[PDB]
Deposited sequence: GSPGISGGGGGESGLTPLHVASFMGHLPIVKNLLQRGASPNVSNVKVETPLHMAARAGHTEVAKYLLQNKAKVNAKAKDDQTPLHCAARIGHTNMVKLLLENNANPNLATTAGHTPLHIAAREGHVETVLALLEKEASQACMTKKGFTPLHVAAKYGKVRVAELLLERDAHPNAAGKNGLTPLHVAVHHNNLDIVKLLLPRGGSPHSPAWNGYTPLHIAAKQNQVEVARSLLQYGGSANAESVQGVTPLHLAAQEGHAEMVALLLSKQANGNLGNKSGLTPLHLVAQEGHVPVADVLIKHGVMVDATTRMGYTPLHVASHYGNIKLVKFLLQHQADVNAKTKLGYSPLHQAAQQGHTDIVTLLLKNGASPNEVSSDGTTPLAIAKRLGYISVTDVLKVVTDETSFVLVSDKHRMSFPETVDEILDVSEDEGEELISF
């Protein structure tokens, strides 16, 4: 650090004048370190910069990170240090090693005036980060509403996106910012924009149980049957996270209760997995298929039995599920309850008529499994009712699931 760097940053107009008169120059080393002008900008020391600029200070001089003096002026939210850097000749579209322009920065802090000042002067709003963002995206993330307006009132791209496909509307919903959403749609933010996984804004709101946002999205046309690459709908997500009120809203908007994903999973199936009786109610009342099957042949009972929640297993049974529903490989809701050692379900399944003498495509009978896993409490209950091993003899059984 030269005496002039310390001078500028400290705001010592006296000295800075002196050093510059006595032959000192604004931009010393021909490398890329922060200059006395950058130092000037940050501290907001205007006169000091109104000087260095007089002399020959470079305004587009780049620092380590490639950030320019103008980039600092911005971060601070010092409109005048900006109206000045600009007034002279700072290029507003110079990016940082990450792709940030003074504009994104201003955007993040929510420095309305600074942004306006930046727009007035060719500051491009198409400028993208390497994360795939634009000033509007940033606006939406840190929920800066009037930056969003101003930005839109002046040709922002309602739904420009990087390589991930995340549109401003996508971000906005993600960081629950109704203010921005209700603001984007009219200006054209599309409710259909697919992300890198095919997720449409409604998928998000649906998952994070945001009825408010969901309503809007639907209102403007968004489909509740839009498919992720997995073939997963917003209904799936909403059901899987047990968000009942939403699962109701969606259904009441042509959401297809029986539509399954890439492998065959129907919302009810996922509901059986996490076991949320309420949603399970909403769907069956609506008229979903109770014993809808996967590609392999698992029913929501198979699934509800396999995993924990026995409560849901009652519900499915009460609502007439087929308790001897077999898989393409002979596995029944009992084999699962056994294989996972859920005694109480092996009690309930049997009680509700489940057959215990069913040999699978392997050779296993629910007792055979309970035994091999050393789950004893279960082996006891099956021991009695299970029949004779008219033969003697390790492949298991898992219901299909959604990925990552």
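Peer 1: Go through the deposited sequence from residue 1 and tell me which stretches lack C-alpha coordinates, in order.
Peer 2: Sequence ranges with no C-alpha atoms are 1-14, 408-411, 423-437.
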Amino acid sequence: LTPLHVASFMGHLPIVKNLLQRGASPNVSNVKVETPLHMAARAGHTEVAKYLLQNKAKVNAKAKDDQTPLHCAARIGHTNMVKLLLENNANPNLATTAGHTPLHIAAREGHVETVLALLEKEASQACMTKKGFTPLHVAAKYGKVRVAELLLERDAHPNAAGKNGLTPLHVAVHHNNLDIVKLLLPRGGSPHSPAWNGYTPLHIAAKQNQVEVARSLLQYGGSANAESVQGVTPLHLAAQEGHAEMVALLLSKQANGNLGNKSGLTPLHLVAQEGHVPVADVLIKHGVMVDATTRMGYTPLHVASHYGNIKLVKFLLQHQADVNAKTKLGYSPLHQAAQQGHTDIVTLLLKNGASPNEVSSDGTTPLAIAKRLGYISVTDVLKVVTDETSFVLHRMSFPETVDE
From here on, numbers count along this sequence of modelled residues.
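Peer 1: Per the PDB entry, which option out of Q219, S223, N88, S193 has the greatest Cα B factor?
Peer 2: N88 has the highest C-alpha B-factor of those listed.
Peer 1: Where does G77 sit by CA temperature factor within its chain: lowest, middle or highest third?
Peer 2: According to the entry, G77 has a C-alpha B-factor in the chain's highest third.
Peer 1: By its CA B factor, does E274 count among the lowest, middle or highest third of the modelled residues in the chain?
Peer 2: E274: CA B-factor falls in the middle third of its chain.
Peer 1: Comparing against every modelled residue in the chain, figure out the third that the C-alpha B-factor of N357 lands in (lowest, middle or highest).
Peer 2: Within its chain, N357 is a middle-third residue by C-alpha B-factor, going by the deposited values.
Peer 1: According to the PDB entry, is the CA B factor of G99 in the bottom, middle or top third of its chain, that is, lowest, middle or highest?
Peer 2: CA B-factor rank for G99: highest third.
Peer 1: Pull the Cα B-factor of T46 out of the PDB entry and bin it into the chain's lowest, middle or highest third.
Peer 2: Highest third of the chain for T46's C-alpha B-factor.
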